[PDB]
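Just one chain follows, in the form deposited in one PDB entry, and it is written as structure tokens.
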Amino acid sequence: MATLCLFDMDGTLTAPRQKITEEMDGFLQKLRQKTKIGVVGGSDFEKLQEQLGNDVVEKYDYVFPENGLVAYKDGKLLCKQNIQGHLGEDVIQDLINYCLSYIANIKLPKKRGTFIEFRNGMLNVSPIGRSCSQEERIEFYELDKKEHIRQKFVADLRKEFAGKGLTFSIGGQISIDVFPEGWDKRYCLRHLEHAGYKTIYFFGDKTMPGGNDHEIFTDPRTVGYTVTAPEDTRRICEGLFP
């Protein structure tokens, strides 16, 4: 219990958007013997129960849903944080208002709804709306590649809100992610600083620079290990802890 194996949820412990296989769930309780285990993902405590199980807080020594902004230690809640509590209501409104007014001046073939999805760890801004069909989603992506609308919107966002502690990125085919600096998976690491672990082994699939693991994989405080699929994840752990 001097080590911690910090696993990522999708592409690592389960199949993307899927329920963990009973076998994998077995190996994680087998490894729990030699090291403390934990899960982190940009998924709320519910999706973590749909995929890992309602007893997720009991099957791990650390549960870090929403990249740790919501956190648990030893089955007992540790703390909770939100972008409204960090940035303040005023700045939250100044960002929303800028994005709303910006999206209103973009000429598209189609606009729909849910242009601003509010989450406790991030705002998901889409010029078309996250309620668009799949055909309409593609239409925007293809046109985005040629016209570079999302890229221009990211640039204006970084200039408007310069030195406000925010990170803007292009996310997927139609959206733009907004979150305070360091609120990626690396936020879960602040709940482990004073626990003093010799090594925190992190495990994830998006180690690519531009992925949702890169920052925690490249972070000094972790020994990153890239995994292609849950079968790979259990392999590496078999050697590290024989």
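The term rigid core refers to the most C-alpha atoms you can superpose between the two forms while keeping them within 1.5 Å. The numbering used is simple: start at 1 and walk along the sequence shown.
If you look for the form deposited in another entry, you will not find it shown, but the lines that follow are about it.
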query	finding
Core-aligned C-alpha movement of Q173 between the shown form and the other one, 2 Å or more	yes
Exceeds or equals 2 Å, Cα of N82 between the shown form and the other one, core fit	no
Core-superposed comparison between the shown form and the other one, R137 Cα displacement 2 Å or beyond	yes
